[PDB]
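Here are the chains, one letter per residue:
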Amino acid sequence: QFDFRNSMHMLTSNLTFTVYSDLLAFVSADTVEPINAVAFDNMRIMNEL
Amino acid sequence: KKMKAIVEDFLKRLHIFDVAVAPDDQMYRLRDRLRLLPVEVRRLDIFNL
């Protein structure tokens, strides 16, 4: 039988927001000049010049 | 400073080679060999001044 006092219910949710999935458009990474690149030991990547 | 240019100038000024043949690797090895020799007195004092 259809009962109204128990079928009624209240929902809970957030007001509003936006969905973000990319998570990479918010970061910028500009490389250093290719000549002056160093390694773990703080020595330049190519030490011949 | 890419130091192969100086070695190329030296080899060309010797006036017997063509820099179109000898590659860069031998130029760099020659540079490393050449660094050891102490320089002439006049040029050393010119650089010091």
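For this deposited structure, the header cites cryo-EM as the method used and 4.7 Å as the resolution.

**Section: a nonpolar patch on the surface**
Residue and element names in this part refer to chain A. On the surface, a cluster of nonpolar side chains totalling about 640 Å² of accessible area is made up of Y20, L23, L24, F26 and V27. Counting through the fold element by element, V27 comes out in the segment after helix 1 (4-7). Given the relative accessible area of 54%, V27 is considered exposed.

**Section: helix 3 (residues 41-48) of chain B**
Along an α-helix, a turn takes 3.6 residues, which lines up residues three or four apart on a common side. For helix 3 of chain B, the tally of buried residues reaches only zero of eight residues, placing the bulk of the element at the surface. Its side-chain oxygen placed 2.7 Å from the backbone nitrogen of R42(B), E40(B) serves as the N-cap of helix 3 of chain B.

**Quick word on the layout of surface pockets**
Residues and elements named next belong to chain B. Taken as a whole, the largest pocket encloses approximately 390 Å³ of empty space. Considering the residues around the largest pocket, the lining is formed by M3, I6, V7, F10, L30, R31, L34, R35, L37, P38 and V39. Looking at the lining of the largest pocket, its residues break down into nine nonpolar, no polar and two charged.

Here is what the cut-offs are and how they apply
Residues numbered from 1 in each chain as written, not as in the entry; some residues may be left out. Chains lettered and ligands numbered in written order. Part of a larger assembly, values for the part shown. Heavy atoms only, no water. Patch = residues over 30% accessible without salt bridge, like charges linked within 9 Å, V, L, I, M, F, W, Y side chains within 5 Å. Areas by Shrake-Rupley, 256 points an atom, 1.4 Å probe, with all protein chains shown as cover. Salt bridge = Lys/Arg side-chain N within 4 Å of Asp/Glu carboxyl O. Helix = DSSP H or I, 4+ residues; strand = E, 2+ residues; numbered from the N terminus. Buried < 20%, exposed > 50% of the residue type's maximum accessible area, 1.4 Å probe, protein only. Polar contact = N/O pair within 3.5 Å; in protein donor to acceptor, adjacent residues only side chain to side chain. 1 Å grid on protein atoms, 1.4 Å probe; cavity = no way out; pocket = protein on both sides within 12 Å on 5 of 7 lines; lining within 4 Å. Points joined across faces, edges and corners; volume = space filled by probe spheres on them. Nonpolar A, V, L, I, M, F, W, Y, C, P; charged D, E, K, R; others polar.

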